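These notes concern the structure reproduced below.
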Amino acid sequence: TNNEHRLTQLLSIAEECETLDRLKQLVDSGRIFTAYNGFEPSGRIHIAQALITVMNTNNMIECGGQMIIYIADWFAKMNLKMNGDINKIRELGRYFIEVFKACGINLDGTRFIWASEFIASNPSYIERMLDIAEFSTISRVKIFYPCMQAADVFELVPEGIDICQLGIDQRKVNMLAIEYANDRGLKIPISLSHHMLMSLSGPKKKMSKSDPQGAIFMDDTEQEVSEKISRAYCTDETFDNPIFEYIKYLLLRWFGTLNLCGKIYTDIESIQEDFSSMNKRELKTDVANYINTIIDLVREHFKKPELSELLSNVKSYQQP
Amino acid sequence: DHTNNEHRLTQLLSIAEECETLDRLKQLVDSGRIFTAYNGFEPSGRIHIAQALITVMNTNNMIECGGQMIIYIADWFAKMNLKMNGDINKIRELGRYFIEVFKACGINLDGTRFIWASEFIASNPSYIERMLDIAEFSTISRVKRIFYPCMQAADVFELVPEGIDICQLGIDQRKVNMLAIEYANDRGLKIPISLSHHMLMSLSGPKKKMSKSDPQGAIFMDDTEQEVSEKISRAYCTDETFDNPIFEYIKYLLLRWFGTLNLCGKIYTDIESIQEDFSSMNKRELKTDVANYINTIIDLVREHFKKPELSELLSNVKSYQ
Ligand SMILES: N[C@H](CO)Cc1ccc(O)cc1
Ligand SMILES: N[C@H](CO)Cc1ccc(O)cc1
């Protein structure tokens, strides 16, 4: 039954999973397994990315796994982020790492790998890219970005990563990796994808466009968080409601217990039932207070004198 | 006048056995603009005297003709190919060894620039993208009817921003340059020019192949004076110039390197006279002179590695044996 719990846990983080079957076998085998997540450093880190990465990582470990955090600095450069400056990209990568630390990521079962350094040390990684690109091309016969990332799950570790833990918006990549693995008789990577937090501006709004307002960043001050929550789209229904989304995907999971509008909640079911009748101004006040408590971990972490250099550089890049 | 450009064109062509179109090379030379050339190699435990001298001679000629040489140290590829069992530290150490040998033999550093693959790949994402794009071209070409070639082919396009003008490699690597040329035509890019040099035959025979199987088939920059004498003494040698490795060493290495050769009691300054007198030369006495001239060249390296600053490199390379 212990393997049943471990299984329900790992599945609690995902909105989608490539065959629960394959995941069930891995959990049942009872053997140490590996999972990974990657990101391209950028000017600022969304609260969603920071918290979800930390919760998922800490969960993998507790469930008997090892986590690999892939810092795709090389790819960020290739995608011209930070106008291609690798030194700025790397500082940003370190900033992200420090944010994960401040938030409690479990370093005992977590390893950080940098793309630029990994690529220079493992030619097979690039070879894997070529082979996947060949598979893809020949397939469509009857863009490389996908093939390049698809190689990650097979090369980050000798036997190949067991679980690819990414956002649901990365679906196409892990699907290719699975197609490829089957056509090459390799171990099939297990996909564990999480929900993509919606914009605070509402369903009619996009994302990353006018993003400053549409999302909370780990560098936002207390006043900025409160103002972004005040402006956020919010109706009396839970569907397409960013306030309900932040509560469900971030706050309840992070804190376990929430005191909302004078009532204590320990499960999303009860919050959903009372949602329509909650005074929304009071709810927003509580939501912003809980969010600010989380970000305070980062604010306090970066007060350490040893991180002043990092902090100053990050701010200058028109970032935190 | 145009005469200077004629000499420049003629000098550049003298280093090659094959040239992908004289037309493209003439235009480049006539343009009068500074141009770039590159040569690449994977570090190895030992370095053939052929590679050492030819790299130095070709490099110095390129520069003398108004060009800039890029020497690409393929350490990354050496590891991928498992040289030294994949140990990157030994590979780079050997890479430094090769460089000190080029320097000992007088390569012109003022017009030469070294670039290591491991570092280049980590700093230039476009390089890898080029490999992928070339691989797609090559795959679609077949489907319209092994990635190692597509990988090396990217070199001429990425080593420098505007792409390298001249690919200067041994003729045994013509397939890679030809791929690059086809690729370049399809994608409308500057067409790379190849200037491929002759591959020296094995001292063991015209049919024998180069391999760690018989280290006697070639002279290495680490061979001792007694060792070269023995290797030359035992080398295959008939009275004809064809299928003769002794003749090849004289033609492609000695005459070009020294300009004047005293062989079997006679002075030679051109290959035709050597060829006409070859059959009647006492071969045992010829081998003596050939071995002596070769040892004079290697003495440059032996002396170079006596410097105290290189005692470290020396010891390391020696241990890798
Ligand atoms: N490409 C993603 C965001 O742009 C980040 C990423 C995700 C997974 C990887 O294996 C690598 C990078
Ligand atoms: N592949 C060659 C010998 O095996 C070495 C080489 C030649 C040219 C390059 O651009 C790279 C490596």
Side-chain angles (χ1 to χ4, degrees), chain B residues 41 43-57 84 94 97-98 100-102 104-106 170 198-258 260-268 271 274-275 277-306 310 313-321:
Chain B
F41 67 90
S44 182
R46 312 177 78 194
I47 180 177
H48 289 65
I49 185 175
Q51 178 179 171
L53 301 189
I54 288 172
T55 295
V56 169
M57 290 190 284
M84 303 299 282
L94 285 172
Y97 171 44
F98 276 48
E100 290 303 322
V101 168
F102 296 147
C105 297
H198 175 86
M199 297 305 281
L200 209 64
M201 74 166 68
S202 167
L203 285 175
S204 294
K207 5 61 178 182
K208 277 61 265 295
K209 315 178 189 304
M210 303 295 268
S211 67
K212 73 171 186 177
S213 307
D214 62 345
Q216 293 279 297
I219 300 307
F220 292 101
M221 296 305 253
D222 71 69
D223 284 332
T224 59
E225 281 177 44
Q226 182 185 302
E227 279 179 283
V228 331
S229 297
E230 298 180 300
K231 289 186 182 182
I232 293 299
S233 164
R234 309 178 68 63
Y236 182 73
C237 186
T238 57
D239 286 344
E240 18 280 353
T241 61
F242 59 79
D243 291 342
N244 192 135
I246 294 303
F247 176 76
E248 286 224 357
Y249 270 65
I250 290 170
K251 175 174 191 179
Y252 302 97
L253 303 188
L254 306 183
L255 186 60
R256 225 238 279 199
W257 188 269
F258 288 105
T260 304
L261 262 30
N262 180 175
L263 267 27
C264 296
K266 296 185 188 63
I267 309 307
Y268 300 91
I271 195 62
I274 291 183
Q275 288 171 183
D277 285 356
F278 200 80
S279 61
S280 61
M281 286 182 180
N282 178 298
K283 298 311 179 300
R284 294 198 62 196
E285 306 190 318
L286 206 214
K287 283 177 173 183
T288 296
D289 285 320
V290 168
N292 286 348
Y293 275 107
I294 289 170
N295 273 323
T296 291
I297 299 182
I298 301 179
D299 277 341
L300 293 177
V301 175
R302 295 174 181 128
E303 205 68 3
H304 188 79
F305 281 76
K306 278 181 180 174
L310 301 181
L313 218 192
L314 181 63
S315 307
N316 286 309
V317 180
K318 289 186 175 298
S319 63
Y320 300 167
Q321 310 306 305

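Note: hydrogens, waters and symmetry copies are ignored here, and every other heavy atom, side chains too, is used. Quick note on labels: first sequence line is chain A, next is B, and so on, each numbered from 1.
- Pairs of residues two or more places apart, or lying in two chains, never qualify as salt bridge (charged side-chain N to carboxylate O under 4.0 Å, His left out) while including a residue from residues 207-218 of chain B.
- Under the side-chain hydrogen bond (donor to acceptor under 3.5 Å, both in side chains) criterion, B/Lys283 pairs with B/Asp239, not counting sequence neighbours.
- For B/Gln275, the side-chain hydrogen bond (donor to acceptor under 3.5 Å, both in side chains) partners at least two apart in sequence or on another chain are B/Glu272.
- Pairs of residues two or more places apart, or lying in two chains, that qualify as ring-ring contact (aromatic ring centres under 6.0 Å, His included) and include a residue from residues 204-245 of chain B are B/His48-B/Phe220.
- Considering only residues two or more places apart in sequence or on other chains, B/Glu248 meets the salt bridge (charged side-chain N to carboxylate O under 4.0 Å, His left out) condition with none of them.
- Listed by first then second residue, pairs satisfying side-chain hydrogen bond (donor to acceptor under 3.5 Å, both in side chains) with a partner in residues 288-301 of chain B read B/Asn295-B/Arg302, B/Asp299-B/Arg302, not counting sequence neighbours.
- Ring geometry for B/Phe247 versus B/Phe278: interplanar angle over 60°, hence perpendicular rather than tilted (30 to 60°).
- Applying the side chain to side chain contact (heavy atoms under 4.5 Å, CB included) rule to B/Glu303 yields the partners B/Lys306; only residues at least two apart in sequence or on another chain are considered.
- Taking the six-membered ring where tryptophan is involved, the planes of B/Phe41 and B/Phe98 are essentially parallel, since the angle between them stays under 30° and well short of 60°.
- By the ring-ring contact (aromatic ring centres under 6.0 Å, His included) test, B/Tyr97 pairs with B/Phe305, sequence neighbours left out.
- Evaluated for a side-chain contact (heavy atoms from CB on, under 4.5 Å) with B/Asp222, the options B/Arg46, B/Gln321, B/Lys318 yield exactly one hit, B/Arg46.
- With sequence neighbours excluded, no residue forms a side-chain hydrogen bond (donor to acceptor under 3.5 Å, both in side chains) with B/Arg234.
- Scanning for ring-ring contact (aromatic ring centres under 6.0 Å, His included) contacts around B/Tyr268 gives an empty result, with sequence neighbours left out.
- For B/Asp243, the side-chain hydrogen bond (donor to acceptor under 3.5 Å, both in side chains) test picks out no residue, with sequence neighbours left out.
- In this structure B/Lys287 satisfies the salt bridge (charged side-chain N to carboxylate O under 4.0 Å, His left out) test with no other residue, sequence neighbours excluded.
- To the nearest 0.5 angstrom, B/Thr238 atom OG1 is 10.0 Å from B/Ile246 atom CD1.
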